[PDB]
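See structure below.
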Amino acid sequence: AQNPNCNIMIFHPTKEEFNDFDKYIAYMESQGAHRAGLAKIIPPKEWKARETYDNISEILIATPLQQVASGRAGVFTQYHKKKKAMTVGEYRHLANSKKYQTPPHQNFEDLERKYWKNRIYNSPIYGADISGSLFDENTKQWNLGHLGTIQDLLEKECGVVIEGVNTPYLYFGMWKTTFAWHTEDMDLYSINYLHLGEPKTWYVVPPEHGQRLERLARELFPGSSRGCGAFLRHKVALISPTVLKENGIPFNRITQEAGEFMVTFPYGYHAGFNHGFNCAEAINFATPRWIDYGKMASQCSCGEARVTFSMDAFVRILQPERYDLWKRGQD
Ligand SMILES: O=C(O)CNC(=O)C(=O)O
Ligand SMILES: [Mg+2]
Ligand code: NI
Ligand SMILES: [Zn+2]
């Protein structure tokens, strides 16, 4: 078995290998990359996502989210308080202000220490989940707005045509902005490109050990666990590396820098934080190997998780017994 310790793998495709996205995903899996739950892909040196980022300041962040924490430093939840709209140029200035800017630090490890020590005492503002793309239309390789759609994959594999669309999302971050422990909707893959700015640190649990994380989360967030049998679908809970190590949960960590892709694999739990002002783009995708994960994915039916239009068909076709209850949660 390839990669039996489930380490995060890093790949350096040539320009020739960068032509066929599906084939390269299947290659990475042949080498065991999926066992980690996360892989890094460094694009060939000849490749670029677009010519410059000089003209992005007028993009609107309609609903910036202030991420307010409750709990203890290593075990906390976050809620999102909606703020007034602001442009990317306004948000960048805010991120660079004395109140919100990255503190002095020695290296990524010192910054990670300061994040875990101090996150809960501040409420950073995240411009998350903005529909759109920063890839130039002329970029033909690994352009996240030009991927094969998950609806077309389901149709190719299963023969059933379904409604729905699949488009990318932009994330504008600042120091301490945080993504909570989650898997993707319907345990899909994700791909994330860091367009510009400061790094993003990731933590990941191997898919084969995901249920270990779930059992710890039920112990650590006991009211949330009684409220919902899949409460990590709410995307609000954080658990530090120190706490994971104390409870014997297998995980790995890696820092993504500007110009790099990350791929998360089906049922790979992940969480992380931004080091400073940055912009990422991400989208879900599927392969044939995903279908069985989609059929087994947990679902939130308590009403909190509330998701896209396109998840309806995936539930209806892959999980018909769950459909009725899940849809009640969505309505
Ligand atoms: O970058 C973020 O805030 C969160 N991204 C992801 O969870 C992803 O790409 O799967
Ligand atoms: Mg602009
Ligand atoms: Ni994700
Ligand atoms: Zn729920």
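What do you get when you divide the Cα radius of gyration of the stretch 59-123 by 2.2 N^0.38 Å, with N the number of residues? It would help to have the intermediate numbers written out before the result.
Details: Rg = 13.6 Å, N = 65, 2.2 N^0.38 = 10.7 Å.
This ratio for the stretch 59-123 stands at 1.27.
With a cap of 11 neighbouring Cβ atoms within 10 Å, and only residues DSSP puts in a loop, list the GluC sites (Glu not before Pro) found in the stretch 162-219. Can you show the working numbers first?
Values: sites: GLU163, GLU184, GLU208, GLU214, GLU219; in loops: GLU163, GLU184.
Sites meeting the loop and neighbour criteria: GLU163.
Would you kindly calculate the mean projected area, averaged across all directions, of the convex hull enclosing the Cα atoms of the stretch 87-147, in square nanometres? Please list the in-between numbers first.
Working: hull surface 26.6 nm².
Computing the convex hull of the Cα atoms and averaging its projections yields 6.6 nm².
Using R₀ = 25 Å, calculate the FRET efficiency as 1/(1 + (r/R₀)^6) where r is the Cβ-Cβ separation of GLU16 and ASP136; round to 0.05.
Details: r = 21 Å, r/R0 = 0.83.
With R0 = 25 Å, the Cβ-Cβ based efficiency is 0.75.
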Could you give me the ³J(HN,Hα) list for the stretch 231-238, computed from phi with Karplus coefficients 6.51, -1.76, 1.60 and θ = phi - 60°, whole Hz, x at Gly and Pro?
-> 5, 5, 4, 6, 6, 10, 9, 10
So how far, in whole Å, is the C-alpha centre of the stretch 279-331 from the one of the stretch 147-214?
-> 12
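Tell me the GluC sites (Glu not before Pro) within the stretch 1-54 that lie in a loop according to DSSP and have at most 15 other beta-carbon atoms within 10 Å.
Numbers: sites: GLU16, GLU17, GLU29, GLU46, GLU51; in loops: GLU16, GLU17, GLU46, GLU51.
When the GluC sites (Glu not before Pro) of the stretch 1-54 are filtered for loop state and at most 15 Cβ neighbours within 10 Å, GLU16, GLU17, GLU46, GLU51 remain.
For the stretch 214-331, state the average projected area of the convex hull of the C-alpha atoms over all orientations, rounded to one decimal in nm².
9.2
Taking the Cβ of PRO4 as the center, what net charge do the other residues with Cβ under 12 Å away carry, scoring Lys and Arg +1 and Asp and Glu -1? List each step's numbers first, then the result.
Values: positive: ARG35; negative: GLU208.
With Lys, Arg at +1 and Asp, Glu at -1, the net is 0.
Just how many % of Cα pairs in the chain lie over 30 Å apart, if you round to the nearest whole percent?
Numbers: 18267 of 54615 pairs.
Within the chain, distances greater than 30 Å cover 33 percent of Cα pairs.
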Fewest Cβ neighbours within 10 Å first, please rank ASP185, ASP20 accordingly.
-> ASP20, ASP185
Note down the net charge around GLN330, summing +1 for each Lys or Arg and -1 for each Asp or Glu among other residues with Cβ under 13 Å from its Cβ.
-> +1
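Please report the relative contact order for the chain, taking Cα pairs under 8 Å with a sequence separation of at least 6, and give it as a percent rounded to a whole number. If you can, show how the numbers build up before the last one.
On the way: 665 pairs, mean separation 76.8, N = 331.
For the chain, the relative contact order is 23 percent.
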Measuring from its Cα centre, the chain shows a charge dipole (+1 at each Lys and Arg Cβ, -1 at each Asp and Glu Cβ) which, in debye to the nearest 20, is 1500
Kindly provide the pair-distance distribution of the stretch 140-232 built from C-alpha pairs, with 10 Å bins from 0 and whole-percent values in order of increasing distance.
-> 11, 32, 33, 22, 2
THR87 versus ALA1: modelled label distance in nm, points set 7 Å from Cα along the beta carbon direction = 5.4
With +1 on the Cβ of every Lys and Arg and -1 on the Cβ of every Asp and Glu, the dipole magnitude of the stretch 1-160 about its Cα centre, in debye rounded to the nearest 20, is 1180
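How about the stretch 75-155: which GluC sites (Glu not before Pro) there are in a DSSP loop, with at most 15 other Cβ atoms within 10 Å of their Cβ?
Working: sites: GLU90, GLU109, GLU112, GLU137, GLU155; in loops: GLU137.
Those satisfying the criteria are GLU137.
Every number in this text was worked out from the coordinates using simple rules, so none of it is lab data. Ideal geometry is used to build each Cβ from the backbone, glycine not excepted, and the neighbour counts take in all protein chains shown.
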